[PDB]
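Chains as they are written, first to last, in this note's numbering: chain U, 364 to 585; chain L, -19 to 186; chain G, 340 to 349. All remarks here apply to the structure that follows.
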Amino acid sequence: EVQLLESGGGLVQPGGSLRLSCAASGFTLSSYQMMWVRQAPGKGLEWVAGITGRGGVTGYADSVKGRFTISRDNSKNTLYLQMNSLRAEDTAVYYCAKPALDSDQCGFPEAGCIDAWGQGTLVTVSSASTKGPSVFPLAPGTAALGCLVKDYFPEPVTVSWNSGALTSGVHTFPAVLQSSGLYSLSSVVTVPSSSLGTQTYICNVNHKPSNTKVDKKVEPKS
Amino acid sequence: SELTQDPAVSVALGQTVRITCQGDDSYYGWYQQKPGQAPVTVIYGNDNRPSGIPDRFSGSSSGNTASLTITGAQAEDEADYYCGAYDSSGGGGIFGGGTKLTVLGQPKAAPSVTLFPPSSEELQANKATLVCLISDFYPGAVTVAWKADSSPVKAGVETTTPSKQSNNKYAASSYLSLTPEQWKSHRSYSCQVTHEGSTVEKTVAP
Amino acid sequence: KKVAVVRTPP
């Protein structure tokens, strides 16, 4: 099967540079014209850059022309996007996009011919610095227990329960962007009330921007 | 050029919905995007449905108008649909502003409200947050009101926009930030969640 | 036949 997988995303300062990478599997990159699409938070899809099969022609959106450079390594089955002199308006999830038809049929700006999309990589262009989260337990027929992941930056935070073994009844709520510019979220798992004193519930918090991994045991109040 | 689509559209569960896109002389793509996810191609090249996409999704392109038809609308079709095409003037790719599709007629579900008082660890870290978790409700519109004693709370309230759960019911969070002093000084604190005229209340005391 | 709108010039 066709798979597109991007990396290179992260927090960067205004005026800074970031190199995005897209690794293609399940097909030969050289047979396809490729493109980059981006999406600002709560905003629509926007075409960024495009490249031909051998990289003879490149194309860029008006707003990124001169700062961004789309390139490809057919030998490595990888598409790149060097993003220089970055601004706050460049903050978006960046997707790698593959046309359904080969280089002879679908060109890089033909945004109506896309059949495969990447997982996306978040680019945060802020003057703010990385902040690790503070994890607090939300103590409990059925009892609702969870853990509060407070004051972190930037997104994301992933919360698993009992090293991912506990999946049923789990709901990790979307984060709240406070007036301070920091995020906070909560993950709640519904468990049997009879098991509370005999069983252990641990939330596994992971904040990749600060390389933070917190395991918090959520036990009943005293 | 640019692509024009209506920001929103609604369809009753099991019925047919037609999403239109307006552009000139193009080869159109239709991309489904769910809130937390990457987009998915439902149609490309006006009518080509990728294998794995249910045949309830069909694409048609008439003179200067693209159309995505969804016959027998299901709960899982509730998503953002973007049209893509080519801008020959500029030489780049173009997208419509998207069409958020709301699949109505799902069973009206009452919200399950769970209120949490500040933890011991958070109070030692000289902080107080009241966590009000609202889950399992349809439609996805709730108005949260916080009460200090018997009085409505004006400041320190942060509420997440309602988002869909795994089971297709909705969910939202409301956080009340206080000083450990403000938490202790009152007898109790209430989370009033209004969903379709009916109010569900939960109370926490120090 | 579908032909790409852009390619490397010959």
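All C-beta atoms, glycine included, are put in the ideal place defined by N, C-alpha and C.
Starting from residue i, follow the alpha helix (DSSP H) in both directions and report where the run begins and ends.
i                      : result
residue 160 of chain L : 160 to 165
Can you list, in chain order, the residues of its chain with a C-beta nearer than 8 Å to that of residue i? Leave out the 5 residues immediately preceding and following it.
i                      : result
residue 524 of chain U : 530, 533, 550, 552, 564, 565, 566 and 567
residue 109 of chain L : 98, 102, 155, 156, 157 and 158
residue 581 of chain U : 500, 501, 502, 503, 508, 509, 510, 564, 565 and 566
Assuming residue i and residue j are in contact, meaning their beta carbons sit under 8 Å apart, how far apart are those beta carbons, in whole angstroms?
i                      : j                      : result
residue 171 of chain L : residue 126 of chain L : 6 Å
residue 458 of chain U : residue 372 of chain U : Not a contact, Cβ separation roughly 11 Å.
residue 422 of chain U : residue 71 of chain L  : 6 Å
residue 405 of chain U : residue 491 of chain U : Actually they do not touch by this definition, with Cβ atoms about 19 Å apart.
residue 36 of chain L  : residue 50 of chain L  : 6 Å
residue 488 of chain U : residue 449 of chain U : 5 Å
residue 537 of chain U : residue 140 of chain L : 5 Å
residue 128 of chain L : residue 142 of chain L : Not a contact, Cβ separation roughly 24 Å.
residue 137 of chain L : residue 81 of chain L  : Not really, about 31 Å apart at Cβ, beyond 8 Å.
residue 554 of chain U : residue 479 of chain U : Actually they do not touch by this definition, with Cβ atoms about 40 Å apart.
residue 116 of chain L : residue 145 of chain L : 7 Å
residue 413 of chain U : residue 43 of chain L  : Contact flag wrong, Cβ pair sits at about 27 Å.
residue 493 of chain U : residue 377 of chain U : About 16 Å; that fails the 8 Å criterion.
Could you pull the start and end residues of the beta strand (DSSP E) that residue i belongs to?
i                      : result
residue 103 of chain L : Here residue 103 of chain L belongs to no beta strand (DSSP E); instead the alpha helix (DSSP H) covers 100 to 104.
residue 171 of chain L : 169 to 175
residue 523 of chain U : 521 to 524
residue -10 of chain L : -12 to -8
residue 556 of chain U : Per DSSP, residue 556 of chain U belongs to no beta strand (DSSP E) and is neither H nor E.
residue 567 of chain U : 564 to 570
residue 366 of chain U : 366 to 370
residue 138 of chain L : 137 to 139
residue 48 of chain L  : 45 to 50
residue -2 of chain L  : -3 to 2
residue 23 of chain L  : 19 to 23
If I measure Cβ to Cβ from residue i and keep anything under 7 Å in the same chain, skipping five residues before and after, which residues do I get?
i                      : result
residue 14 of chain L  : 59
residue 113 of chain L : 94 and 153
residue 455 of chain U : 401, 402, 403 and 486
residue 476 of chain U : 462, 463, 464 and 469
residue 185 of chain L : 167 and 168
residue 6 of chain L   : 65 and 66
Along chain L, in chain order, which residues have C-beta atoms closer than 8 Å to that of residue i?
i                      : result
residue 427 of chain U : Chain L residues near residue 427 of chain U: none, gap ~10 Å exceeds 8 Å.
residue 551 of chain U : 94, 113 and 115
residue 422 of chain U : 71 and 72
Grab me the residues of residue i's own chain with a C-beta within less than 6 Å of its C-beta, minus the 5 sequence neighbours each way, in chain order.
i                      : result
residue 575 of chain U : 495
residue 24 of chain L  : 9
residue 512 of chain U : 496, 498, 520, 548 and 568
residue 445 of chain U : 382 and 432
residue 514 of chain U : 497 and 545
residue 41 of chain L  : 8 and 26
residue 1 of chain L   : -17, -15, 46, 63 and 76
Can you pull the chain L residues whose beta carbon is under 9 Å from the beta carbon of residue i, in chain order?
i                      : result
residue 520 of chain U : The contacting residues do not exist; residue 520 of chain U stays about 13 Å from chain L at best.
Can you pull the chain L residues whose beta carbon is under 7 Å from the beta carbon of residue i, in chain order?
i                      : result
residue 539 of chain U : 138, 140, 153 and 155
residue 465 of chain U : Those do not exist, as residue 465 of chain U stays about 13 Å from chain L at its closest Cβ, beyond 7 Å.
residue 476 of chain U : 7, 9, 24 and 25
residue 398 of chain U : 73
Against residue i, what residues of chain G qualify as contacts under a CB-to-CB distance less than 7 Å, listed in chain order?
i                      : result
residue 419 of chain U : 347
residue 468 of chain U : 341, 342 and 343
residue 471 of chain U : 345
Which chain G residues are close to residue i, counting only those with a beta carbon under 8 Å from its beta carbon?
i                      : result
residue 391 of chain U : Result: empty, since nearest Cβ-Cβ is about 17 Å, beyond 8 Å.
residue 432 of chain U : Those do not exist, as residue 432 of chain U stays about 17 Å from chain G at its closest Cβ, beyond 8 Å.
For residue i, which residues in chain U fall below 7 Å Cβ to Cβ?
i                     : result
residue 77 of chain L : 407
residue 64 of chain L : 474, 475 and 477
List, in order along the chain, the chain U residues whose C-beta lies closer than 8 Å to that of residue i?
i                      : result
residue 145 of chain L : 534
Could you tell me which whole beta strand (DSSP E) segments of length 3 or greater appear in the segment 470 to 494 of chain U?
477 to 480 and 484 to 488
Fully enclosed by the segment 397 to 476 of chain U, which beta strand (DSSP E) runs are 3 residues long or longer? Taking only runs of at least 3 residues, the beta strand (DSSP E) segments lying wholly in the segment 397 to 476 of chain U are 397 to 402, 408 to 414, 421 to 423, 431 to 436, 441 to 446 and 455 to 462.
| task | List in chain order: all unbroken alpha helix (DSSP H) runs of 4+ residues lying wholly within the segment 72 to 153 of chain L. | result | Correct list: 100 to 104.
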